[PDB]
Structure formats: C-alpha cells, structure tokens
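Participant: Below is the sequence, then the experimental coordinates.
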Amino acid sequence: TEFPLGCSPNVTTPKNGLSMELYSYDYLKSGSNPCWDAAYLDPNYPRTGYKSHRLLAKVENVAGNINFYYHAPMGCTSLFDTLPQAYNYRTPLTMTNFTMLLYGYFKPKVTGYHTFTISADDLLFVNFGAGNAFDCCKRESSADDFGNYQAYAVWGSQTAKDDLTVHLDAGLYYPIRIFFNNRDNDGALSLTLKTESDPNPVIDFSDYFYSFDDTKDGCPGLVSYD
Ligand SMILES: OC[C@H]1O[C@@H](O[C@H]2[C@H](O)[C@@H](O)[C@H](O)O[C@@H]2CO)[C@H](O)[C@@H](O)[C@H]1O
Ligand SMILES: [Ca+2]
C-alpha cells in the first residue's frame with residue numbers, strides 16, 4: 001500500500017510518544033530441544049497469543065531513538081538487562097527473551113516518500129496506516145484486527161520486506177503498530193527513516209511519534225489524492 005490512510009484528530013496538544021506493552025517470553029522447560037519457545041513464529045502469536053504470557057508493564061510516552069543491540073553473555077539462558085532510555089522503562093527485564101508491542105501514530109515533518117527500514121533479532125512486524133494498523137481514533141475497538149504486515153523481519157529467515165516505502169502527508173497522523181520478540185540470546189531492533197528530500201537517515205523519532213484518545217465518531221484523514 002503506497003498511499004496509506006492517515007488520520008486527522010481534533011487535538012490541540014497531541015500526546016508525545018507511543019504506547020508500549022511488555023510481556024514475558026519464557027524459555028521452555030530446561031531439557032527441551034530447542035531451548036526457546038517457538039510460539040513467536042505462530043501467525044496469531046502477535047495478535048492474541050502474547051496475551052497468554054505475563055504482562056510486565058504498560059508504558060506511555062515512548063519516543064526517541066528506540067534502536068538497540070543487546071549482546072547476551074550466553075545462549076539458552078534468561079538474563080536481565082535494561083532497555084534504552086526512549087522506552088521509559090528503567091528496571092531490568094529479561095533482555096534475552098521478551099515480547100514487546102508499540103502502538104500509536106506517526107506524524108511526518110515533510111510531505112513525500114518515506115522509506116522505513118527495519119532489522120531485528122528475533123522478530124519485528126510493522127503495520128502502518130489506518131485500517132492496516134488500526135482505525136482512526138478507534139484503536140481500542142480495532143486493536144486485534146491489524147492486516148498484512150507492511151514490513152517484517154525474522155532472524156534466520158530468507159526474510160524480506162525489511163522496508164516500507166510510502167507517500168505520506170505532513171498534515172496527517174498515521175496509525176503504526178510495531179511488534180517485537182526476542183526468543184533467546186542476542187536481541188536487536190532497528191527502525192530508520194529515509195525521506196527523498198533529506199540526505200541524512202532519521203534514527204531519533206522524538207518529534208514523530210504521538211498518541212491520541214479514541215473518540216465516538218473516529219477521526220478519518222482529511223487529505224486525499226484521487
Ligand atoms: O546469533 C544470534 C542468534 O542466536 C541464537 O542462539 C544460538 C547462538 O547463536 C549460538 O551461539 C548458541 O550456541 O546456540 C544458540 C541457539 O540456542 C538465538 O536463538 C537467536 O534468537 C539469535 O539471537
Ligand atoms: Ca535472539
């Protein structure tokens with residue numbers, strides 16, 4: 001979808017950052033082969049399966065550079081460490097093995113083609129646009145109804161759709177859903193943005209990520225090109 005749908009909330013002062021939910025991703029019982037839980041590859045794990053795991057936290061105002069590489073001291077071992085400051089989550093968690101969901105809206109600074117590139121260890125699935133991620137100012141009621149991933153990356157796969165190239169309007173806020181899993185060992189998440197008019201890739205999304213309350217009527221985008 002080259003021209004994803006955006007949204008036009010009625011809001012004077014939009015809330016900065018995305019929402020985040022963290023969930024457990026336990027290893028299998030010691031002695032299993034392989035050591036890691038394979039659930040993360042199930043088509044419905046990112047839709048409702050993660051809800052069968054333990055909720056670790058719901059966090060707000062996630063903004064900044066969300067990229068990280070975590071080097072596990074050893075494999076098949078649950079080890080504790082911390083996320084980058086952008087995640088607004090300061091306490092140690094099992095960086096070797098966890099599930100993370102981010103959602104909210106992306107606001108472009110300049111109208112035009114935007115290329116988002118992703119890489120992950122182990123898994124990063126991205127939905128982008130109204131409908132595809134969720135409905136405009138109707139997130140809660142459409143939360144589990146996201147469509148085909150606009151980008152996806154899975155460690156060890158002949159993966160692909162490591163990028164998404166879309167025409168965006170600076171006047172709209174675009175629903176975005178980012179689903180991450182580390183099954184074991186090293187963990188890594190990279191999201192970057194390249195615009196056609198700007199020479200430097202963007203890695204700090206401080207000014208681009210927003211959250212909005214849902215409304216009875218919704219807030220469909222008021223920019224259209226056909
Ligand atoms: O290499 C990244 C990759 O590691 C897997 O773990 C491997 C590890 O690479 C290897 O040194 C060890 O001997 O076996 C491990 C298999 O349990 C992770 O499973 C994978 O998620 C990546 O992080
Ligand atoms: Ca891993």
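Facilitator: Cool, got the structure. Numbering: from 1, shown residues only. Ligands and ions are numbered 1, 2, ... in the order given.

Participant: make it CA atoms for all contacts and neighbour counts henceforth
Facilitator: Noted.

Participant: Grab the nearest non-local neighbour of residue 21.
Facilitator: Setting aside the residues directly before and after it, residue 21 is nearest to residue 58 in space (Cα to Cα, 6 or more residues apart in numbering), at 4.5 Å.

Participant: Okay, the one you found and residue 124: tell me how far apart.
Facilitator: If you measure residue 58 against residue 124 using Cα to Cα, to the nearest Å, the figure is 19 Å.

Participant: who's more crowded, those two?
Facilitator: residue 124 (27 against 13; other Cα atoms under 10 Å).

Participant: Which residue comes closest to the more buried one once chain neighbours are left out?
Facilitator: That would be residue 180: by Cα to Cα, 6+ apart, it lies 4.6 Å from residue 124.

Participant: can you count the residues close to that neighbour?
Facilitator: 25.

Participant: The residue nearest to residue 21 in helix, strand or coil?
Facilitator: strand (DSSP: H, G, I helix; E, B strand; the rest coil).

Participant: What strand or helix carries the residue lying closest to residue 17 once chain neighbours are set aside?
Facilitator: In space, and not counting its chain neighbours, residue 17 is closest to residue 61: 4.0 Å by Cα to Cα, 6+ apart. For residue 61, the element it lies in under DSSP states H and E is strand 55-62.

Participant: Parallel or antiparallel, list what pairs with the following helix or strand past that strand.
Facilitator: Sequence order places strand 68-70 as the next helix or strand after strand 55-62, per DSSP H and E. On the basis of DSSP bridges, the sheet neighbours of strand 68-70 come out as strand 187-195 (antiparallel).

Participant: Just the CA atoms of the partner strand, as CSV, please.
Facilitator: C-alpha atoms of strand 187-195 as CSV (Å, rounded to 0.1, in the frame of the first residue of the first chain):
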residue,chain,number,x,y,z
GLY,A,187,18.2,-9.1,20.8
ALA,A,188,18.2,-6.2,18.4
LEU,A,189,15.8,-3.7,16.9
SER,A,190,16.5,-1.2,14.2
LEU,A,191,14.0,1.3,12.7
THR,A,192,15.2,4.0,10.4
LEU,A,193,13.6,6.6,8.2
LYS,A,194,14.9,7.9,4.9
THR,A,195,13.0,10.7,3.1
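
Participant: which residues sit against that strand?
Facilitator: Contacts with strand 187-195, where a contact means Cα atoms under 8 Å, 6 or more residues apart in numbering, come from 66-72, 95-96, 112-122, 124, 180, 182, 200-203.

Participant: coming back round to it: the helix or strand harbouring the residue nearest to residue 124 to strand 187-195, inter-axis angle?
Facilitator: Under the criterion of DSSP H and E, residue 180 resides in strand 174-182. For strand 174-182 against strand 187-195, the angle by axes from the mean of the first three to the mean of the last three Cα atoms, to 10 degrees is 150 degrees.

Participant: Show me what strand 174-182 is packed up against.
Facilitator: strand 98-106, strand 123-128 (3 or more Cα pairs under 8 Å, 6 or more residues apart in numbering; DSSP states H and E).
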